[PDB]
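Heads up, the thing below is written out as structure tokens.
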Amino acid sequence: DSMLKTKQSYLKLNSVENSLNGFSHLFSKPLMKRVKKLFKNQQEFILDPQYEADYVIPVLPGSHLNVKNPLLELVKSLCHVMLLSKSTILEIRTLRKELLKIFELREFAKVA
Amino acid sequence: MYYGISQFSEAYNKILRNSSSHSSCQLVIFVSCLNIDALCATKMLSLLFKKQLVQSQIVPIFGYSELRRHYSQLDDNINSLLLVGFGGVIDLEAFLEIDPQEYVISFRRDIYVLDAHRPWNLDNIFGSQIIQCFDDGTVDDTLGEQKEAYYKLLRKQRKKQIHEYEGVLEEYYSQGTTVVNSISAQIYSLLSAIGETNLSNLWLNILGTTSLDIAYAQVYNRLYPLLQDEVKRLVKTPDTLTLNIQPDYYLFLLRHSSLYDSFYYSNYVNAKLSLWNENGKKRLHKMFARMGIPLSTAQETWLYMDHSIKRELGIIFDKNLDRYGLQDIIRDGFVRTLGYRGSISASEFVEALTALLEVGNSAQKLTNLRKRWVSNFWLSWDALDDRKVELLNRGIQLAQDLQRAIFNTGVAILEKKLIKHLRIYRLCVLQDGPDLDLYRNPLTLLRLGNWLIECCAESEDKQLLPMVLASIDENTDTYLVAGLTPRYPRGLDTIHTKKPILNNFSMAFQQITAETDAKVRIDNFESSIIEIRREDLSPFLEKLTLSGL
């Protein structure tokens with residue numbers, strides 16, 4: 001929805017294309033707060049016995065990745081889908097670094 | 001108590017009546033590995049049982065799983081079994097599913113548990129006849145009230161007595177783990193009562209007692225006069241053997257390293273003078289200049305060090321240490337000399353033994369590490385006899401190397417300020433660094449923690465908080481977490497020593513693991529040392545923060 005809004009605004013105004021440039025500015029802070037809340041809740045309710053139902057990793061044919069923290073893969077997918085822009089790469093990289101700063105990880109780690 | 005101080009001999013006699021045979025092995029001893037006092041007691045028992053030609057076997061064990069498996073392996077032929085260095089704090093019968101009716105005939109077997117930890121399982125004594133221990137003089141006087149409640153707990157208004165008994169039992173429990181007496185001291189008391197004392201036994205008793213100087217100085221100070229009096233009661237010929245009371249200092253290998261390094265690596269001097277930054281080195285140089293020993297002279301071996309200064313070192317220290325406030329470094333120790341070999345002190349010998357234990361030579365790798373540890377224990381045991389000295393010079397040089405490594409890691413920790421000050425307990429994690437593979441040894445981790453807690457105590461902070469230390473073993477992807485008790489400054493009076501500081505980390509860990517399905521492995525004989533998962537460390541940590549310590 002944000003991408004549609006920014007493209008519509010750019011069109012109404014008239015390897016860079018200002019149709020999309022500047023779309024992550026709409027939801028960065030709410031995303032940061034939501035990621036913080038998710039991390040806190042996962043930290044609190046991961047080793048509980050009755051709350052272990054929703055943290056079970058699904059298994060599907062062709063899967064080969066053994067992973068531990070589901071929130072890491074959530075944010076990794078949410079950032080890799082963003083990283084397909086090929087024109088707003090710097091903004092996406094800055095957002096990815098800010099998200100990774102919530103975890104105690106670094107920018108170029110293999111786990112990230 | 002089961003076996004009081006005056007009954008030891010009688011129990012010993014029973015052993016003979018059940019073990020003294022011609023062609024049958026009827027005695028097996030299990031020893032708490034990675035412990036010096038247990039090693040000394042085992043050596044004394046081995047000499048005793050080699051005197052009367054009683055056949056025996058010595059088996060090192062590391063974890064409770066090994067204890068259970070080895071006991072399951074044993075045959076009914078073994079009449080007598082010894083458990084030195086552990087077993088006091090847990091109920092063996094529940095652990096070992098012992099049926100008294102299976103071993104009635106009574107006294108089919110006999111298991112003698114000999115441990116020093118003061119909080120011990122009350123049911124283990126007041127419930128079972130098969131299991132028996134040597135009390136140090138605690139059940140008679142301390143437990144005069146708990147035994148009544150246990151005996152009573154072993155018309156509708158009678159629930160008050162049951163409630164009172166339950167409350168008394170709960171009050172007795174929920175106590176921290178401490179040590180109040182020495183196994184080698186108890187064994188030497190038995191030897192003195194029997195009449196087989198000699199110089200080797202006295203030396204082993206001295207080693208066993210002085211092994212506690214780092215952590216249980218109160219016990220050491222309570223026990224020292226007995227050793228002094230016993231040594232008093234008991235031409236340089238190439239076969240002489242001398243045990244004397246010479247002044248000694250809290251110094252690291254004074255007679256085997258240079259005096260400069262001796263002052264540099266000493267934990268007490270480090271704590272008092274802050275040698276991790278440059279002002280400490282400046283103060284040390286001021287100290288040396290004011291004493292008057294040249295910097296080039298102080299950096300030579302103790303053998304070639306100047307004879308006159310070696311003679312007047314006592315007066316130099318007495319006149320110079322007061323200004324810097326190190327007048328607590330001077331104490332009285334034991335020195336052993338044999339012929340023309342040289343002089344060794346008890347502190348130096350125990351440091352050499354500890355370092356030789358440390359360094360020498362998933363589940364599969366853990367088993368390999370544990371068998372390496374038992375092999376190191378056997379090599380350290382072999383190093384005891386007087387016929388080997390290349391197994392002691394190597395230990396001394398390894399002690400020097402290990403102390404260097406510990407200092408190099410601690411200075412980096414104190415630079416980085418990794419010690420996070422929480423509301424209840426301090427915390428520090430060695431996430432990354434050099435030579436971190438050395439710290440897979442719990443005894444090395446305890447050495448590092450002892451230095452850290454001494455440094456923390458020697459400060460202006462007025463907070464006594466437990467410290468948690470953790471490491472990394474990248475091959476297994478597991479954290480090795482050890483809980484550490486706070487310590488008072490060594491220069492303190494006895495009025496503020498009403499009770500030693502207890503350790504609640506074992507209770508906290510067991511409660512958290514019993515109420516939450518964490519992936520830990522609590523099997524070490526030290527109940528305050530656990531192995532936890534890298535992903536499981538944190539939630540666990542918050543749990544420990546939220547649980548009543």
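Out of the residues in segment B:428-466 that are of a type in the set (K, R) and surrounded by 15 or more Cβ atoms within 10 Å (Cβ to Cβ), state the one that is nearest to the chain's Cα centre (by Cα).
Here the residue is B:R447.
Taking the options B:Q246, B:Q186, B:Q228, name whichever one is of a type in the set (S, T, N, Q) and surrounded by 15 or more Cβ atoms within 10 Å (Cβ to Cβ).
B:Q186
Could you check, for segment B:295-315, whether at least one of its residues is in a helix (DSSP H, G or I), among the hydrophobic types (A, V, I, L, M, F, W, C) and closer than 25 Å to B:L492 by Cα?
Checked against the condition, which is being in a helix (DSSP H, G or I), among the hydrophobic types (A, V, I, L, M, F, W, C) and closer than 25 Å to B:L492 by Cα, segment B:295-315 yields at least one hit.
For every residue, the table says whether it meets (1) surrounded by 15 or more Cβ atoms within 10 Å (Cβ to Cβ); (2) under 25 Å from A:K97 (Cβ atoms).
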{"site": "A:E17", "(1), (2)": "no, yes"}
{"site": "A:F23", "(1), (2)": "yes, yes"}
{"site": "A:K36", "(1), (2)": "no, yes"}
{"site": "A:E44", "(1), (2)": "no, no"}
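Could you check segment B:191-219 and list, in sequence order, the residues that are of a type in the set (D, E) and either under 17 Å from B:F334 (Cβ atoms) or under 23 Å from the mean Cα position of the chain (by Cα) (or both)?
B:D213
Please tell me if B:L284 is in a loop (DSSP other than H, G, I, E, B) and either touching a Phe, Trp or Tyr at 6+ places or on another chain (Cβ under 6 Å) or aliphatic (A, V, I, L, M) (or both). Talk me through it step by step, then tell me what you get.
On the way: in a loop (DSSP other than H, G, I, E, B): no; either touching a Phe, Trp or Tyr at 6+ places or on another chain (Cβ under 6 Å) or aliphatic (A, V, I, L, M) (or both): yes.
No, not satisfied.
Tally up the residues in segment B:91-150 that are closer than 30 Å to B:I501 by Cβ, of a type in the set (G, A, S) and in contact with a helix residue (DSSP H, G or I) (Cβ under 7 Å, 6 or more places away or on another chain), please.
Number satisfying all stated conditions: 2.
Quick check on segment B:363-371. Is at least one of its residues under 30 Å from B:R336 (Cβ atoms) and in a helix (DSSP H, G or I)?
For segment B:363-371, residues under 30 Å from B:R336 (Cβ atoms) and in a helix (DSSP H, G or I): absent.
Name every residue in segment A:41-79 that is away from chain B (no Cβ under 11 Å) and part of a helix (DSSP H, G or I), in order of residue number.
Passing the criteria: A:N41, A:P70, A:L71, A:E73, A:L74, A:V75, A:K76, A:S77, A:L78, A:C79.
Suppose we filter B:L480, B:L430, B:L422 for residues that are within 30 Å of A:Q50 (Cα to Cα), in contact with a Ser or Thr (Cβ under 6 Å, 6 or more places away or on another chain) and more than 14 Å from chain A (Cβ to nearest Cβ); which single one remains?
Within the list B:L480, B:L430, B:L422, the selection yields B:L480.
Just need a number here: residues in segment B:497-549 that are in contact with a strand residue (DSSP E or B) (Cβ under 7 Å, 6 or more places away or on another chain), away from every other protein chain (no Cβ under 12 Å) and among the aliphatic types (A, V, I, L, M).
Counting residues in segment B:497-549 that are in contact with a strand residue (DSSP E or B) (Cβ under 7 Å, 6 or more places away or on another chain), away from every other protein chain (no Cβ under 12 Å) and among the aliphatic types (A, V, I, L, M) gives 3.
Tell me which residues, restricted to segment B:178-219, are part of a loop (DSSP other than H, G, I, E, B) and of a type in the set (S, T, N, Q).
B:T178, B:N181, B:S182, B:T197, B:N198, B:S211
Tally time: how many residues in segment B:120-164 are of a type in the set (S, T, N, Q) and touching a strand residue (DSSP E or B) at 6+ places or on another chain (Cβ under 9 Å)?
2
Identify, by number, the condition in (1) within 21 Å of B:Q403 (Cα to Cα); (2) surrounded by 12 or more Cβ atoms within 10 Å (Cβ to Cβ) that B:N361 doesn't meet.
(2)
Name the residue that is surrounded by the most Cβ atoms within 10 Å (Cβ to Cβ), counting only residues in segment A:46-72 that are β-branched (V, I, T) and in contact with a helix residue (DSSP H, G or I) (Cβ under 9 Å, 6 or more places away or on another chain).
Applying the filter and picking the extreme gives A:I46.
Please specify each residue of segment B:532-549 satisfying the condition of being crowded, with 18+ Cβ neighbours inside 10 Å and under 22 Å from B:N475 (Cβ atoms).
If the condition is that a residue be crowded, with 18+ Cβ neighbours inside 10 Å and under 22 Å from B:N475 (Cβ atoms), then B:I532, B:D536, B:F540 are the ones that fit.
Quick reminder, even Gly has a Cβ in these numbers, built from the backbone with ideal geometry, and neighbours come from all protein chains shown. Quick note: the coordinates plus some simple rules give every number you see, no bench work behind them.
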